[PDB]
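Scroll down for the structure; my scribbles are underneath it.
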Amino acid sequence: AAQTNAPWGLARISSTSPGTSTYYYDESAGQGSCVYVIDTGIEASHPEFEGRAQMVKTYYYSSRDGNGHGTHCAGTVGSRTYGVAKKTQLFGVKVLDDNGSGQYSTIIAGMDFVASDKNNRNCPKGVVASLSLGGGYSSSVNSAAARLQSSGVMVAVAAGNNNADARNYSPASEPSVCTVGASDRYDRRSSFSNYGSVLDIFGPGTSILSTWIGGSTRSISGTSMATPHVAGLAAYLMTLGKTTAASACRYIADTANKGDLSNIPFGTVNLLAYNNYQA
């Protein structure tokens, strides 16, 4: 129902005004849904996941998250203290090394793995892919995200932290997915956050408290941290029966807090992820 002194980002997507500390959410909490965190992997043994995280694939020497990125974003997606969808099932897809840098061919293979792996998983409510990465433009990277999107995964992707138009970044520039920009605690666009027309929605992405490796917690910033909020939100909304995978992105845009964000350039949408929860 409510999470007192939640991280500011969870409290944000649950209210129209900034500055709040409580996260209001339906009891569903993303149950019956699944989110594929495609990043540095997940420390599944973090007790904040309560066994609901599991590595399903890696592209490196081991499955462990030696970085922290993936378990952070997995935590924002669905840790029960730092998660939007606190009851969602999380799958780890390690396409990024422990240094946080993988090849496009690896990221692409990860996206097509998920597009088929979901078929041997139970997700009666729907399937999300939080894709907290990005690089320069690539039609094939863009193609893999679109393939993942058309396969029936609601794909959320970060706009990138270059403070530029996201049109030059992939899979940020793939139109069919959900290109998420980063906001800050005071309803400003994050200083690093990319923008542009391809952006669909903005997520809390500055100073985001979430799980870390080693059983720790950490506060980090980036559009990489904003897309878990949206992917969690989509996993939350999908469970509630509000939207499908192929329609959740434009659903979150229609029900977003509109016009609240400052420093939004003309042409970029002024929408902010919002669960519109009535208690």
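Residues are referred to by chain and number: the chain letter is A, B, ... according to the order shown in the structure tokens, the number counts from 1 in that chain, and ligands are numbered separately from 1 in the order shown.
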Inset, instruction - Could you give me, as a PyMOL selection string, the residues within 10 Å of residue 229 of chain A, counting only C-alpha atoms and dropping anything in the same chain fewer than 3 positions from it? - result: chain A and resi 9-10+13+73-78+82-85+130+156+180+202-205+208+224-226+232-235+273-274
Legend entry - From A:34, A:43, A:168, A:106, residue lying nearest residue 118 of chain A [only C-alpha atoms]: A:34
Segment 104-272 of chain A: which residues are strand (DSSP E or B) by DSSP, as a PDB file with C-alpha atoms, in the first residue's frame?
```pdb
ATOM      1  CA  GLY A 126       3.759  -9.970 -19.005  1.00  0.00           C
ATOM      2  CA  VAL A 127       7.449  -9.538 -19.716  1.00  0.00           C
ATOM      3  CA  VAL A 128       9.645  -6.449 -19.441  1.00  0.00           C
ATOM      4  CA  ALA A 129      13.283  -5.889 -20.388  1.00  0.00           C
ATOM      5  CA  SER A 130      14.966  -3.108 -18.430  1.00  0.00           C
ATOM      6  CA  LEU A 131      17.884  -2.284 -20.728  1.00  0.00           C
ATOM      7  CA  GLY A 135      26.047   3.297 -26.919  1.00  0.00           C
ATOM      8  CA  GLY A 136      26.367   5.195 -30.175  1.00  0.00           C
ATOM      9  CA  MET A 154       7.893  -4.265 -23.200  1.00  0.00           C
ATOM     10  CA  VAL A 155      11.388  -2.862 -23.697  1.00  0.00           C
ATOM     11  CA  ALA A 156      12.494   0.083 -21.574  1.00  0.00           C
ATOM     12  CA  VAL A 157      15.803   1.714 -22.519  1.00  0.00           C
ATOM     13  CA  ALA A 158      17.782   4.656 -21.167  1.00  0.00           C
ATOM     14  CA  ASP A 165      19.628  14.326 -28.473  1.00  0.00           C
ATOM     15  CA  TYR A 169      22.326   6.530 -29.453  1.00  0.00           C
ATOM     16  CA  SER A 170      21.192   2.919 -29.462  1.00  0.00           C
ATOM     17  CA  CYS A 178      10.547   3.108 -24.541  1.00  0.00           C
ATOM     18  CA  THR A 179      13.417   5.612 -24.448  1.00  0.00           C
ATOM     19  CA  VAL A 180      13.582   6.817 -20.845  1.00  0.00           C
ATOM     20  CA  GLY A 181      15.167  10.090 -19.796  1.00  0.00           C
ATOM     21  CA  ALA A 182      16.373  10.940 -16.310  1.00  0.00           C
ATOM     22  CA  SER A 183      14.814  13.411 -13.875  1.00  0.00           C
ATOM     23  CA  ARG A 188      14.430  18.985 -13.188  1.00  0.00           C
ATOM     24  CA  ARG A 189      15.839  17.099 -16.128  1.00  0.00           C
ATOM     25  CA  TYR A 195      16.623  14.309 -24.666  1.00  0.00           C
ATOM     26  CA  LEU A 199      12.240  10.012 -25.800  1.00  0.00           C
ATOM     27  CA  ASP A 200       8.888   8.694 -24.608  1.00  0.00           C
ATOM     28  CA  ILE A 201       8.956   9.246 -20.853  1.00  0.00           C
ATOM     29  CA  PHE A 202      11.172  10.503 -18.032  1.00  0.00           C
ATOM     30  CA  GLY A 203      12.220   8.520 -14.992  1.00  0.00           C
ATOM     31  CA  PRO A 204      13.749   9.479 -11.661  1.00  0.00           C
ATOM     32  CA  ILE A 208      18.942   6.753  -6.950  1.00  0.00           C
ATOM     33  CA  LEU A 209      19.198   4.498  -3.902  1.00  0.00           C
ATOM     34  CA  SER A 210      19.112   0.797  -4.782  1.00  0.00           C
ATOM     35  CA  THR A 211      20.775  -2.519  -3.998  1.00  0.00           C
ATOM     36  CA  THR A 217      23.077  -0.398  -1.002  1.00  0.00           C
ATOM     37  CA  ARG A 218      24.288   2.497  -3.126  1.00  0.00           C
ATOM     38  CA  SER A 219      23.029   5.804  -4.507  1.00  0.00           C
ATOM     39  CA  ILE A 220      23.979   6.431  -8.152  1.00  0.00           C
ATOM     40  CA  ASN A 257       2.580  13.695 -14.893  1.00  0.00           C
ATOM     41  CA  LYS A 258       2.725  16.138 -17.812  1.00  0.00           C
ATOM     42  CA  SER A 262      11.926  21.965 -15.981  1.00  0.00           C
ATOM     43  CA  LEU A 271       6.193  13.527 -19.173  1.00  0.00           C
ATOM     44  CA  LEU A 272       7.309  11.809 -15.984  1.00  0.00           C
TER      45      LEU A 272
END
```
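Interatomic distance, atom CA of residue 8 of chain A against atom CA of residue 237 of chain A: 19.8 Å.
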Inset, instruction - Skip residue 63 of chain A itself and residues of its chain fewer than 2 positions away, then list as a VMD selection string all residues within 7 Å of it, counting only C-alpha atoms. - result: chain A and resid 41 55 58 65 94
Inset, instruction - Once DSSP has gone over the backbone, tell me which residues of segment 65-275 of chain A are in alpha helix (DSSP H), as a PyMOL selection string. - result: chain A and resi 69-78+104-117+139-150+223-239+245-254
Inset, instruction - Name all residues at most 7 Å from residue 166 of chain A (count only C-alpha atoms; drop same-chain ones fewer than 6 positions away) and give them as a ChimeraX atom specification. - result: /A:159-160,172-173,194-196,198
Legend entry - Interatomic distance (Å, one decimal) between atom CA of residue 259 of chain A and atom CA of residue 11 of chain A: 18.1 Å
Legend entry - Surrounding residues of residue 27 of chain A excluding itself and chain neighbours under 5 positions, 12 Å, only C-alpha atoms, as a ChimeraX atom specification: /A:1-3,80,84-88,236-237,239-240,277-279
How about saving the chosen residues, N, CA and C atoms kept, as a CSV table (one decimal), in the first residue's frame?
```csv
chain,number,residue,atom,x,y,z
A,1,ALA,N,0.8,-1.2,0.0
A,1,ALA,CA,0.0,0.0,0.0
A,1,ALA,C,0.9,1.2,0.0
A,2,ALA,N,1.7,1.4,1.0
A,2,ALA,CA,2.6,2.5,1.1
A,2,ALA,C,3.9,2.1,1.7
A,3,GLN,N,5.0,2.7,1.3
A,3,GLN,CA,6.4,2.4,1.8
A,3,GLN,C,6.9,3.8,2.3
A,80,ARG,N,12.6,-5.2,-2.6
A,80,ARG,CA,11.3,-4.9,-1.9
A,80,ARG,C,11.4,-3.6,-1.1
A,84,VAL,N,10.2,-0.6,-7.7
A,84,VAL,CA,8.8,-0.2,-8.1
A,84,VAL,C,7.9,-1.5,-7.9
A,85,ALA,N,8.2,-2.5,-8.7
A,85,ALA,CA,7.5,-3.8,-8.6
A,85,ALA,C,8.1,-4.7,-7.6
A,86,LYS,N,7.8,-4.5,-6.4
A,86,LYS,CA,8.5,-5.3,-5.3
A,86,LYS,C,8.2,-6.7,-5.3
A,87,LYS,N,7.2,-7.2,-6.1
A,87,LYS,CA,6.9,-8.6,-6.1
A,87,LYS,C,7.2,-9.2,-7.5
A,88,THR,N,7.8,-8.5,-8.4
A,88,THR,CA,8.1,-9.0,-9.7
A,88,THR,C,9.2,-10.0,-9.7
A,236,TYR,N,4.7,-3.3,-13.0
A,236,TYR,CA,3.6,-3.0,-12.1
A,236,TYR,C,2.3,-2.8,-12.8
A,237,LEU,N,2.3,-2.0,-13.9
A,237,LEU,CA,1.0,-1.7,-14.6
A,237,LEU,C,0.5,-3.0,-15.3
A,239,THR,N,0.9,-6.1,-14.5
A,239,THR,CA,0.2,-6.9,-13.5
A,239,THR,C,-1.2,-6.5,-13.2
A,240,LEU,N,-1.4,-5.2,-13.1
A,240,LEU,CA,-2.7,-4.6,-12.8
A,240,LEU,C,-3.7,-4.7,-13.9
A,277,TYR,N,-1.6,5.8,-8.8
A,277,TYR,CA,-2.2,4.9,-7.8
A,277,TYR,C,-3.2,5.7,-6.9
A,278,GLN,N,-4.4,5.3,-6.9
A,278,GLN,CA,-5.4,5.7,-6.0
A,278,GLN,C,-5.6,4.7,-4.9
A,279,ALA,N,-5.4,5.1,-3.6
A,279,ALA,CA,-5.5,4.2,-2.5
A,279,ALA,C,-6.9,3.7,-2.2
```
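Among the candidates A:125, A:215, A:113, A:29, the residue lying nearest to residue 47 of chain A is A:215 (atoms considered: only C-alpha atoms).
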